[PDB]
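*Asks:* I have a structure here, written as structure tokens, and I will follow up with some questions on it.
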Amino acid sequence: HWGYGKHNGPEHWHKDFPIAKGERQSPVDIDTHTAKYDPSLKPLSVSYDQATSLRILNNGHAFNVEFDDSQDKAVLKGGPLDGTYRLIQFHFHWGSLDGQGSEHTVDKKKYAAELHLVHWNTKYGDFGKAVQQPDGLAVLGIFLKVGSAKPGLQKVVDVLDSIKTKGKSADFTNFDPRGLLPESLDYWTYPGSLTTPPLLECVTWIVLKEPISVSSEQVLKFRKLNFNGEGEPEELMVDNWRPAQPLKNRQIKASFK
Ligand SMILES: NS(=O)(=O)c1ccc(NC(=O)NC2CCCC2)cc1
Ligand SMILES: [Zn+2]
């Protein structure tokens, strides 16, 4: 089954998931000079004050911090979006080295990691229905660079020892995802896909221009996770990113100039 190794990695995914070669695949390179400022883009509204985190799970591909999405508690609205999108989970992709790890790139620059806050359009009733719709999901992407520590990330880092291997979960209540945001909400946006199988073409991508900084020690702790289950051969969970895909017939729009 699929993963990020030599024999089951991104170059292989198209055999089980032909949409891998589709018309609106993610991630992409964001060519800053070619992106178009769109004055018609409304400001992003990130309303996370009532967020209810529940649990953190190592799923064998990344780790997800999951939220109660049975009411409008943590929502994303505005920007390119019509309607209300509920936060269901966030996770990251990261590298084995500080010079790689992000899925989106900016003028071909790779960041050390990339945070994805995954939201679904409430008009579709549940997440499983939403991923079957071209406007079903909105994922807020945030680049990580290595420098100073991100204080709001530390509670995540310190629970990772309890979910080292695939299938492990731990209680993770009262986490505030506002502590993971940069100062600016300036963004690029384009229509795309899930960046792992099943690669469904259901995402409005909103990628923030301003990265957050995390410390060497913080990212080193991500790299101690395992892709494998307990009692299976140890393979470090690193380089769990898909490279940039062809932009095809898409325009990336910018909220700023
Ligand atoms: N990296 S990402 O595009 O933000 C992403 C988000 C969610 C999932 N997967 C997920 O939500 N899977 C369920 C929906 C379809 C099958 C199960 C994969 C990639
Ligand atoms: Zn992701």
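Letters A, B, ... go to the chains of the structure tokens in the order shown; residues in each chain start at 1; ligands are counted from 1 in the same order.
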Could you list, as a list in words, all residues that come within 9 Å of ligand 2? Count only C-alpha atoms and all ligand atoms.

*Replies:*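 Using only C-alpha atoms and all ligand atoms, I find these residues within 9 Å of ligand 2: residues 62, 90, 91, 92, 93, 103, 114, 115, 116, 117, 118, 139, 141, 194, 195, 196 and 241 of chain A.
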
*Asks:* Given the selection you just returned, output its residues as a file containing C-alpha atoms, formatted as a CSV table (one decimal), in the first residue's frame.

*Replies:*
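Once written, out-v1.csv looks like this:
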chain,number,residue,atom,x,y,z
A,62,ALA,CA,1.6,11.9,9.6
A,90,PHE,CA,-4.5,19.6,11.4
A,91,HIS,CA,-1.3,17.8,10.6
A,92,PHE,CA,2.1,18.5,9.1
A,93,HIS,CA,4.5,17.3,6.4
A,103,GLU,CA,4.7,20.3,-0.2
A,114,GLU,CA,4.2,22.6,6.2
A,115,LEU,CA,1.1,22.7,8.4
A,116,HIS,CA,-2.3,21.9,7.0
A,117,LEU,CA,-5.5,22.9,8.8
A,118,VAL,CA,-8.2,20.9,7.2
A,139,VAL,CA,-7.1,23.6,3.6
A,141,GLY,CA,-1.4,25.9,4.6
A,194,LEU,CA,-5.7,16.2,-1.3
A,195,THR,CA,-1.9,15.7,-1.4
A,196,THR,CA,-2.1,12.0,-0.4
A,241,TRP,CA,5.7,15.2,1.4

*Asks:* Which polymer residues have any atom within 12 Å of an atom of residue A:206, counting only C-alpha atoms, with same-chain residues fewer than 6 positions away left out, as a ChimeraX atom specification?

*Replies:* /A:26-27,30,41,43-46,76-81,104,115-119,137-143,185-193,252-255

*Asks:* Pick from A:182, A:60, A:3, A:197: nearest to ligand 1, with only C-alpha atoms and all ligand atoms counted?

*Replies:*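 Using only C-alpha atoms and all ligand atoms, the shortest distance to ligand 1 belongs to A:197.
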
*Asks:* Which of these residues is nearest to ligand 1, using only C-alpha atoms and all ligand atoms: A:231, A:177, A:198, A:167?

*Replies:*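 Closest to ligand 1 of all the choices is A:198.
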
*Asks:* Quick one: residues within 10 Å of residue A:23, only C-alpha atoms counted, chain neighbours fewer than 6 positions away excluded, as number ranges by chain?

*Replies:* A: 191-193, 201, 245-250
